[PDB]
Structure formats: C-alpha cells, structure tokens
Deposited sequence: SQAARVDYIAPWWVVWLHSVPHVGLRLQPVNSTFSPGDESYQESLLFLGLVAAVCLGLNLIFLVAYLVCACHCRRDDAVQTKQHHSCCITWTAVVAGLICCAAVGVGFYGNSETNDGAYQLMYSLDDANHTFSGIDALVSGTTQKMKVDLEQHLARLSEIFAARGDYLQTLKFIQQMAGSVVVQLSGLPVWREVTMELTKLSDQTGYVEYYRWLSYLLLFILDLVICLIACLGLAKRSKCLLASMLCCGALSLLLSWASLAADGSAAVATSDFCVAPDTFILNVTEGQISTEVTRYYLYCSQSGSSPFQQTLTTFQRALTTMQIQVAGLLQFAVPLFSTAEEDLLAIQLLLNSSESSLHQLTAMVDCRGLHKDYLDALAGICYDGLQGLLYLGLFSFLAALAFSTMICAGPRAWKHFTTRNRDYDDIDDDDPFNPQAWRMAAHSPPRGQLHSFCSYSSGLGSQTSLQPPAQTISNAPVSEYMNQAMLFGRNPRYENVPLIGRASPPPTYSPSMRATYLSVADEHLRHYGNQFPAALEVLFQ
C-alpha cells in the first residue's frame, strides 16, 4: 500500500493560485509564506465577491418584482434545502472522521516516538549506573585477580560501546512535543468547526421549517423574520463556502507533495535519511538503524559470554558475590529484551502506517468532506436565493 494522489486532489491543485494583485504564486504548500497566504485570501475574496453579486442580484429581482406556481417554487426550494442539509451532514461527518483519523495517527506516532526515547534513555542509564555499580562492587571481591579484573574492564568497555551506540540514535523529544501541539490544535479546531457547522445545519433546518409553516398558515410578522434570517443565513453560507474552498485548495496543494513538505519542514530536528526511511520505506534492506542495532546486539552477546564464563568459573573459587553476577545477568537479559523492543519500534512499518493513515484521513476523508461542505454551502445559497426571489409573490399572495 503506497500513497498515490487521488484525482480530485490533482484537479483542485490545478486551481490557479493567483494571489491578491493577480500575481501567480508558485502554489507549493508553505504556510507562513506571504504569497501562499495571499492566494488563500484571494480565494476568500473571490467567494466574498460572489456573495456580493448574489445579494445585488436578489435585491434587483425583488425591486423588479415589487415594482411591477409560487407554491411549487417554495416546495422546490424546501426540497433543495433539505438535500443541501443532508449533503452538509454527510460532508461534516466525513471531515470530522478525517480529522479524527489524523489525530489518531499523530497520537500513535507520538506514542511510538516516546517509547523509543524511553527505551533508549532507560537502557543507557541502566547500563551506566547499575552496571558500573555492580562492577565496582565486584572489584574488591576479585581481589588480587588480574584476569578477573581484565574481564571486568572488558565488560566496562563493552558497556561504553553500548552507550555510545545508543547515543547515536535520534532523540524524538522535540518531535513528540511538536506532535502533541499539533494534535491538541487539531482537536480544538475540529471540535469548534464541527460544532459551528452543526449549529449552521440546525439553524438552516429551523428557518426552512418555520418558512414552510408560515406559508401554510399565512403568517405576516413570522415570514418577515424568516426572510431576514434567510438573508443572514445566505451570507453565512457564502462565508462557509469561502472557508471550505480555501481549506480544500490548501489541503489539495499540501497533499500533492506530502512527502516533499514533510522532508522540507523536518530538516532541523530530524536527519534526512531517517525521514526518507520512514516516509518512502524501501524494502531494499537499507535501514539507518541497522548498523547501530547490530553493534548493540553484538556487544550484548559478548558481555553475556563473558559474564556467563565468569559465573561458571567464579563459583568454584569465590562463590561469595554471585548475587551480583546474577543481577548483571538479569540486567543483560532485560537489556536484550529492550533491544528487541527497540528494533521492533525503530522499524519502518508502524510509522509508515501512521503516516499513510494520516494522509488517508486528511486527503481521502478530510478533503472529500470539505468538498461536500462546499457543495452544501452552494446548494443552500441557491435554495435560499430561490426562497427570497419568490418572496414578494407569496407576500402579496
């Protein structure tokens, strides 16, 4: 399963990012860049211009009608509004699902990075402090024994090699903090956006239902209030279309080159080869951690051989401080367990799956949901324009 850009992503990416004063920006995902933000603002301003044109057209139509089948038009408008609200519910659910998929992927990546850091730090601190303490305690036990201290200093050098090899592993403390911040911000924004769109759907349904009630019961003050709220809802729906279009364009622009964006943004705290390994994930047997993991496992194996040989030969001679030998053997066993867990976590599979899940959430689900919310906004605008244009005819009966 390798990522491939969907069709709608590459259609939306083809949308000219033209900026404010009609100057073509390069249209490559780069938030913070003035030109890209200006292109998004230009899309928002285009949607606002469409809103202004629609309001002007509605005002002109009402002026012409009031200075110069309607039930069928009202029924058609209500049906179109109901279809729009259904499409909006579908799009809102899809966008929320995509955002939550991204949140889960980020949380899983954060958990894996924190686990890698925890094992690295624990193994290093253990093999330093506890091992040096045990060897120092054994130092006096093996009194006047040249070979039995040569083997202990060999153990010390091998532990130093272990610590040196582990220290060369990437530290994900910064990356965990960035992922936590991104996850919290995504959760906050997604919650507020879903709540706002749910309130918009509820308001739209209430307005349509009360307008139908006023049509049935021939209300006078009720209908005027519903038309005022209809103008307000048309304004709000065009603003929602602006937001949905800008967000969808930005999302498609990012999703065209997600690996490129991730490589560029993570040049600081993550090495290039590690990022390429976790993003493209070649099955060609080339892992940046392979050499250090092999060195660590060889060092652990060697120390186990020396400690086992010492235990086999120290019992006939001393048999006094063998509790320290068993403690060291247990420490090496736990270190090998930590080795297996680490070489499992530093593997591509989990992080590549998390990255692919995040991309699927924010492109296959989030972007489709944004498109459907834009379709909702356009359909609601059309329905409410039809409701307002057929306004005076029902008002004058």
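Numbered from the first deposited residue, the unresolved ranges run 1 to 5, 74 to 87, 417 to 541.
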